[PDB]
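Participant: give me the fold of what follows.
(chains A and B)
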Amino acid sequence: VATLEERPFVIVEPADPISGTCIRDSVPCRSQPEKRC
Amino acid sequence: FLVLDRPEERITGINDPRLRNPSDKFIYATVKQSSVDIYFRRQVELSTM
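Facilitator: Numbers count the residues shown, from 1 in each chain, chains lettered A, B, ... in the order given. The protein structure is shown below:
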């Protein structure tokens, strides 16, 4: 699935380094590679 | 002059949209390690604000 960013509909932000994983209520989003929530 | 006075600044319940969005103009706080802290952490949705 291909996606983009528009603030009120889809929000992409970097993950928390201390947690080391995507926050809950979120999905991994690989770029085209650094994982973002 | 003795009728019209209404700032309409009343946060109505938990479900107010102001609480949901973490705007920086207002700051929310509670008491550490209390029961309300447990209540919010347990909920699978409220960990956004």
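
Participant: which residue lies nearest the spatial centre of chain B?
Facilitator: The centre of chain B sits closest to residue B:19, judged by C-alpha atoms, centre = their mean, with a distance of 4.0 Å.

Participant: extract the CA atoms of the helix or strand where that one lies and return them as PDB.
Facilitator: Assigned by DSSP states H and E, residue B:19 belongs to helix B:17-20. Output of helix B:17-20 as PDB, limited to C-alpha atoms (Å, rounded to 0.1, in the frame of the first residue of the first chain):
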ATOM      1  CA  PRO B  17     -12.100  18.100  21.900                       C
ATOM      2  CA  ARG B  18      -9.700  20.500  23.700                       C
ATOM      3  CA  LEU B  19      -8.500  17.600  25.900                       C
ATOM      4  CA  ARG B  20      -8.000  15.200  23.000                       C
END
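
Participant: in it, which residues are buried?
Facilitator: When neighbours are counted by 16 or more other C-beta atoms under 10 Å in any protein chain shown, no buried residue of helix B:17-20 is found. C-beta coordinates here come from the backbone N, C-alpha and C atoms, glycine included.

Participant: is it true that residue B:20 touches residue B:49?
Facilitator: Yes: in this structure residue B:20 lies within contact range of residue B:49 using C-beta atoms under 8 Å: 6.2 Å.

Participant: and the residue nearest to residue A:29 when sequence neighbours are not counted, what does it touch?
Facilitator: What sits nearest to residue A:29 in space, not counting adjacent residues and going by C-beta to C-beta, 6 or more residues apart in numbering or on different chains, is residue A:36, at 4.9 Å. By C-beta atoms under 8 Å, 6 or more residues apart in numbering or on different chains, residue A:36 lies in contact with A:12, A:13, A:14, A:15, A:28, A:29.
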